[PDB]
Each structure stands twice: as structure tokens, then as C-alpha cells.
Amino acid sequence: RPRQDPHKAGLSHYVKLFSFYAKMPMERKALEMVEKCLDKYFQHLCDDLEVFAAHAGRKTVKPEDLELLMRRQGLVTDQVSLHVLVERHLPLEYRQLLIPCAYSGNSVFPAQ
Amino acid sequence: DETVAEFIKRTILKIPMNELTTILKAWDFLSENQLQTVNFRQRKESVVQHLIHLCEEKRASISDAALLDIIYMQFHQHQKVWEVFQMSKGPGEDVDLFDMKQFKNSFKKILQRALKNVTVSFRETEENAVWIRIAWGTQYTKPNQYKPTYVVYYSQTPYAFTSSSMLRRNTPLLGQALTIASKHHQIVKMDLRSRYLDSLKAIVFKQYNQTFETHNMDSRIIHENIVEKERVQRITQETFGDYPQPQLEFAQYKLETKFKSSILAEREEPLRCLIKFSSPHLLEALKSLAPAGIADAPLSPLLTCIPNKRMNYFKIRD
Amino acid sequence: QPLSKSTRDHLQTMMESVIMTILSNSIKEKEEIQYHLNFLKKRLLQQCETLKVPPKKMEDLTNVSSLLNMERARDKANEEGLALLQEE
Amino acid sequence: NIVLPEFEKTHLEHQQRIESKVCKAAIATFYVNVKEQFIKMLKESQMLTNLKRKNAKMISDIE
Amino acid sequence: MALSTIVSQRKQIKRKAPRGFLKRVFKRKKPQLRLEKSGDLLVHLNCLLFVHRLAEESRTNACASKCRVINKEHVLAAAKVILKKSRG
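Residue numbers (the entry's author numbering), protein chains in the order written: chain T, 450 to 561; chain N, 2 to 217, 233 to 277, 282 to 338; chain Q, 74 to 161; chain U, 252 to 314; chain W, 1 to 88.
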């Protein structure tokens with residue numbers, strides 16, 4: 450008779466992925482405070498997205514706002530673009546929606 | 002200090018898991034109510050991590066770390082090989098009135114003046130013994146806590162047992178400290194070494210024999241040589257006694273005798293040899309040689325005279 | 074024999090430091106003064122590289138002071154220890 | 252020690268060739284500074300080695 | 001294996017992202033906004049690189065203290081450095 454908090458369902462995905470990268474046995478008490486770290490990151494992440502959108506004069510959040518954030522984070526540099534990072538870390542089905550490629554009569558999707 | 006924390010962590014890591022609670026209870030530096038907060042069901046590493054935090058929250062010096070080391074040591078006491086000292090006194094000297102505090106002060110002062118930096122600890126043991134732990138240093142070096150020296154001194158008696166780790170450098174100094182603190186004129190080292198401190202103690206105090214006499233089958237097989245078997249059994253019983261033998265593990269003999277057998285008759289110089297005996301329980305393997313047929317009925321006295329002579333290393337000349 | 078590479082390393086570094094200090098306090102006449110100072114510096118580097126000295130061993134100039142202080146500390150400790158032993 | 256006069260003789264040729272009075276003053280200033288550095292480092296290194304051998308001998312003495 | 005300590009995952013779960021979860025969390029905190037249809041995926045990418053950073057820093061702390069099991073004090077120390085670095 451299981452009952453699961455929907456909020457904990459989302460965090461459980463990244464918590465398991467954490468144990469894959471660690472490559473060390475990890476104590477149970479370390480698990481839940483990583484969950485504590487994640488929600489703090491999400492809260493502060495959303496706050497930053499407000500200002501960058503607000504500065505541009507549009508309330509809607511567009512991808513180039515996310516590019517601007519990651520450049521300040523140091524993830525995106527002159528050599529490593531946004532397209533390069535998607536290729537390395539995301540599956541094929543997610544790649545089609547994000548990165549545009551021309552095919553079948555020079556048709557490009559998404560339009561860029 | 003970080004050094005005392007590392008010292009305590011290493012000492013605790015040495016302790017086996019099942020008996021850690023008894024050691025912690027005997028040490029009793031940490032408050033009793035603090036102990037049940039820690040859980041010993043979990044991993045050893047987690048337990049030591051928690052214990053370091055508890056002992057760091059309270060003030061921990063180096064003296065209590067040394068005390069923990071002494072307490073851990075006297076539980077195992079077979080991790081080191083021990084040696085014996087004997088002290089002698091003048092004929093007209095009167096029997097002294099031993100005082101523990103004066104002994105501690107004198108043994109403190111001799112080391113304190115001869116060297117400069119030195120740590121010595123005491124743990125007054127039941128049954129009339131004293132445990133001492135010494136960390137050696139000099140004027141221009143801090144004491145080395147990795148290589149301590151342990152000595153067990155039995156008060157009112159001429160005997161003291163010491164561990165041979167680093168004592169080679171400062172042997173005369175410790176000899177002087179022991180002979181001054183206890184009011185004895187001379188000291189000599191008995192040539193008897195072992196890893197079983199209790200067997201050494203039983204031999205040295207000669208109390209391994211405690212029996213006092215007081216009044217208060234398939235007849236088809238014929239065994240010839242029966243009289244020889246009964247005679248060798250009687251001789252073995254007479255020579256090796258009937259008490260449980262004290263447990264040793266080693267014995268060494270050095271030989272400088274001439275070869276006497282046509283062969284090397286003209287030679288006039290001794291034949292130089294060195295032989296050693298090793299066994300898990302020596303003096304029990306030796307007892308069984310003659311009945312098994314590997315030795316003659318009486319063994320040579322060099323082998324049957326270990327506990328009576330309180331001797332372990334021998335030298336023989338022609 | 075020529076002296077070690079460390080001598081030129083240290084002297085070069087201290088000369089950039091002192092040139093920076095003296096240019097810090099000067100207001101006018103920048104280009105000519107810095108060109109003349111750089112020419113003097115490079116010519117002194119050439120002269121000291123060409124120079125010949127009997128062989129010797131030298132420790133780095135930065136750490137001489139602290140090691141010297143610990144040497145005095147050891148001096149005092151060993152002196153007092155020896156005096157006490159002699160008195161006894 | 253031996254090469255100390257060599258650096259000193261360099262000061263003579265620099266001063267004669269240069270003419271700007273402020274430049275001459277600057278040359279004098281940092282030349283005095285580097286002379287101070289030379290003397291301090293030489294003396295400190297020399298006394299350091301001397302007291303090092305003294306320490307070795309005197310610890311031998313106490314032993 | 002004890003309940004208290006979890007062994008490293010040999011096999012990673014399918015790389016599918018929880019798109020529905022990201023939309024609601026972004027919705028509740030800042031209701032007034034509307035996010036573009038593909039913006040959810042990029043947020044997922046941003047979260048991966050954060051967790052990747054957190055795992056590396058935690059491992060170094062555990063090895064520095066000579067610990068074979070990642071502990072809570074190791075990862076909290078990791079959180080302070082990464083969280084400040086993650087904000088830009």
C-alpha cells in the first residue's frame with residue numbers, strides 16, 4: 450500500500466543519477482540532504498530567470514536566457530557552445546527538438 | 002590539537018569491534034550518558050567518526066590519550082616481546098617502606114633532567130603492579146608517540162619486565178631511573194625473552210608447580241620390548257614432571273665445542293654452530309619426543325632445564 | 074664559472090619590482106624613462122650573465138629571513154640546554 | 252663578494268651617460284635600494300650557514 | 001547490504017527526463033510566467049550539469065579524509081562551493 454509525494458518523485462530521478470556519478474558507496478543519511486540541495490537550487494534557479502527575462506523587457510522565458518545564465522556559470526565558453534553540450538549529454542529524441550538539422554529538400558526543423 | 006585527535010583515532014582503530022565497549026567503559030573519560038547516544042550497530046568507520054567528534058567537543062589532552070594506549074595495551078599484551086630485569090641491593094641495607102608517590106616523582110625527575118622533553122604515564126594496576134608508558138625525546142626533538150616503551154614493575158620485588166621496541170638507545174638511562182626510584186644499587190638484564198608475559202612471570206617467580214602432598233585388550237597381540245617402553249615412560253615422567261608446562265615459543269643455543277668423531285682428528289679449533297628451536301608450544305613438543313621414538317630416554321640437560329634455570333639463551337664451550 | 078640561474082631569476086624579479094615602485098611615484102615622462110630603464114635592466118642582465126664567479130651554493134633570497142629566525146630559536150634552546158647539562 | 256665591485260663600477264658608467272636630472276635621481280634611488288638588498292641577503296645567507304654548522308657542532312656537544 | 005549504506009548504481013536508469021515534474025515546480029514558484037514548450041528540456045540539461053559537479057566535489061572530500069564511504073559532512077561541504085558557483 451504505497452503512497453508517494455509527487456515532489457519526492459521528481460527528486461528521486463536526480464538522486465539515483467547522483468549515485469551513478471559518485472562511483473563510491475554512499476551513506477543513506479547523505480541521500481536526503483542532497484534532496485535538500487536540489488530544491489534550493491531550483492528555487493534560486495527560478496529567481497535568476499526572472500531578472501534576465503525582466504531585463505530584456507519580455508516576461509516569457511526564451512532559450513537564449515538559459516544560454517546567458519550558463520555562460521555566467523562557466524559551463525558555456527567560447528570553445529564549448531550550447532549545441533556541443535546537448536550532443537554530449539542528451540539522448541537522440543531530445544536532440545531532434547533542440548538542435549536544428551536540415552533534411553529532405555533543405556527543410557530545417559526547428560527553424561533557425 | 003590535531004595531533005591528539007589523530008593519536009586517539011589510530012588507537013581506537015586498533016581496537017577490535019566486539020570489545021570496544023569494555024575498553025571505552027574502563028577508560029571512562031567520556032561521560033556515561035554520552036555513550037548511549039552513539040550506536041555501535043553501524044559501520045566501524047561511522048562509530049570512530051562519531052567518537053572523534055564527541056571526544057573533540059570535550060577537552061582532550063595528550064595524557065588521556067596515553068592512558069587509553071596503556072589500557073588498550075594491557076588487554077592484548079602479546080603484541081610485543083618482553084625482557085626481564087633484576088635489581089640487587091647491599092647486604093646491610095634495611096627493608097624500605099615503599100611509597101607510590103615518591104616512586105613516581107623520582108622516576109619522573111631522573112628522566113626529566115637527563116633528557117629534556119619526555120612523556121611518562123602511570124596506571125596503578127591491581128595485584129601489586131605498575132604499568133608505565135614512556136615516549137622518548139631529547140632537548141632538540143619533540144617526543145615520539147609512535148614508538149613508546151612499556152615497563153611493568155612489581156613493587157617490593159627485584160623484578161621488572163620491559164618491552165624491547167626502541168629501548169636500545171636509552172637502556173642505561175632507564176636502568177638508572179629504575180634503580181634510583183626503587184632504592185637499589187645495581188641492575189642486570191636476565192637473558193630470558195618471550196612473548197607470553199604471564200609465562201615469563203610464572204617462571205621468574207617460580208610458581209609454575211603448585212602441587213603439594215598433604216594429608217588433610234585383544235590379548236592375541238603380544239607386545240615385546242614392553243619393559244623398554246615402560247622404562248622410557250618412567251624416565252620422561254621423572255624428568256619433565258607432572259605439572260602443566262609453562263608456554264614458551266623459542267630457545268637458542270650457541271655452540272663452540274670441538275668435533276670428536282679419522283675425521284678432523286688433527287684439527288684443534290672449535291666447530292662454530294648456532295641452532296634454534298621454534299614451536300607453538302615448546303616444552304610440550306619436547307616432552308613427547310622420547311615416547312614417540314625420536315630421542316633417547318633421558319634428554320640432554322640443556323633441554324630439560326629451561327624453567328628451573330630461568331634461562332632461554334645459552335652459550336656452551338668445551 | 075658562471076653563477077646559478079637562481080641569482081638572475083631573483084635579481085630580475087626584484088628589479089621589475091623596484092622599477093614598478095619607482096614608476097608608481099613618477100607622474101610625467103613615462104615612455105622615455107621606462108625605455109631607458111628597460112635598456113639598463115637588459116644590459117645588466119647581459120653583464121651579470123657574462124660575469125664569472127668561483128663556485129658556491131646559495132639558498133633563495135625569499136626564505137632566508139624565516140629560516141634565520143628559526144636558527145636563532147634553535148640556537149637559544151640548545152645553548153640553554155647545554156648550560157643546564159654542564160651545571161648538573 | 253668578489254663580484255661586488257663589478258656591479259659598483261656599472262653605476263659609474265650609467266650616471267655619466269644619462270643626463271636627465273630626474274632620471275639621475277631615480278637611478279641613484281633604486282641603486283641604493285638594490286645595494287641594500289645585496290648586503291642584506293649576503294649577510295643573512297652567510298650567518299645562516301655559519302649558525303647551521305654551529306648548531307650541528309653544539310648538538311654533538313650536548314649528546 | 002545494510003539499509004543505511006547504498007552501493008553505487010552499476011546501471012543508470014533510462015535517460016528519459018521527468019518533463020512533467022519540471023513544469024509544475026516551475027509553475028508553483030512563479031505562477032505568472034509562461035515557459036516555452038522546449039524550455040523544460042534545457043532546464044533538465046542544466047540540472048544534470050549541477051548534479052555532475054556535486055558528485056565530483058563530494059568524492060574528492062571523501063578521498064581527502066581517507067574515507068571509503070561518502071558521508072554527510074563531505075557532501076554539505078561540497079554543497080556550499082557548488083551552490084555559489086552554480087548561481088550566475
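A virtual CB, placed ideally from N, CA and C, is assigned to each residue, including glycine.
In the DSSP assignment, residue 550/T falls within the beta strand (DSSP E) that extends over 550–552.
Non-local C-beta neighbours of residue 23/W in its own chain, meaning closer than 8 Å and more than five positions away in sequence, comprise 35, 40, ordered along the chain. The Cβ atoms of residue 306/U and residue 144/Q sit closer than 8 Å to each other. Excluding the 5 residues flanking it on each side, residue 114/Q has same chain C-beta neighbours closer than 6 Å at 88, in chain order.
Where residue 66/N is concerned, there is no enclosing beta strand (DSSP E), although the alpha helix (DSSP H) around it starts and stops at 64–77. The alpha helix (DSSP H) runs of length 4 or more contained entirely in the region 94–135 of chain N are, from start to end of the chain, 101–115. In the displayed model, residue 297/N falls within a strand according to three-state DSSP. A distance below 7 Å between beta-carbons, with the five flanking residues on each side excluded, links residue 501/T to the following residues of its chain, in chain order: 514, 517, 518. Flagged as an interface residue toward chain N: residue 67/W, by a C-beta distance shorter than 8 Å.
Straight across, the Cα-Cα distance linking residue 207/N with residue 240/N is about 41 Å. The C-beta separation of residue 254/U from residue 126/Q comes to about 6 Å, placing the pair in contact by the 8 Å criterion.
Taking 8 Å as the cut-off, the beta carbon of residue 124/N is found no closer than this to the beta carbon of residue 63/N.
Residue 195/N sits in a strand when the DSSP states are folded into three classes. Against chain N, the CB of residue 146/Q has no partner CB under 8 Å away; the residue lies outside that interface. Going by beta carbons, residue 187/N and residue 132/N fall outside the 8 Å limit. Residue 48/N places its beta carbon less than 8 Å from that of residue 39/N.
Residues of the region 491–512 of chain T that bring their beta carbon within less than 9 Å of a beta carbon in chain W comprise 491, 492, 493, 494, 495, 496, 497, 498, 499, 502, 508, 509, 510, 511, 512, in sequence order. At least one C-beta of chain N is nearer than 8 Å to the C-beta of residue 4/W. Taking 7 Å as the cut-off between beta carbons, none of the residues of the region 130–143 of chain Q comes near chain N. Contact of residue 479/T with chain W by beta-carbon distance below 7 Å involves 70, 71, 72, 75. For residue 177/N, the closest Cβ of chain U is not nearer than 8 Å. Under the DSSP assignment, residue 150/N falls in the beta strand (DSSP E) whose first and last residues are 150–154. Spanning the alpha carbons of residue 15/W and residue 539/T requires a straight line of approximately 8 Å. Beta-bridge partners assigned by DSSP to residue 86/N: 161/N, 190/N. By the criterion of a C-beta distance shorter than 6 Å, residue 116/N is surrounded in its chain by 139, once the five residues flanking it on both sides are discounted. Assignment of beta-bridge partners to residue 336/N by DSSP yields 271/N. For residue 498/T, the closest of 87/W, 50/W, 58/W, 13/W by C-alpha to C-alpha distance is 87/W.
Here residue 193/N is near residue 330/N, since their CB atoms are less than 8 Å apart.
Not a single CB atom of chain U sits nearer than 8 Å to the CB of residue 73/N.
Taken atom to atom, the span from the alpha-carbon of residue 458/T to that of residue 529/T is near 33 Å. Interface criterion met: the Cβ of residue 141/N is under 8 Å from a Cβ in chain Q. With the criterion set as a beta carbon lying under 8 Å from some beta carbon of chain Q, the members of the region 283–303 of chain U are 284, 285, 288, 292, 295, 296, 298, 299, 302, 303, in sequence order. Per DSSP, reduced to three states, the secondary structure at residue 509/T is coil, with no helix or strand assignment. Residue 78/N and residue 294/N do not touch by the CB rule: their CB atoms are close to 30 Å apart, not below 8 Å. DSSP places residue 475/T within a strand segment (E or B) once states are collapsed to three. Nearest in C-alpha terms to residue 484/T, of all of 460/T, 512/T, 477/T, is 460/T.
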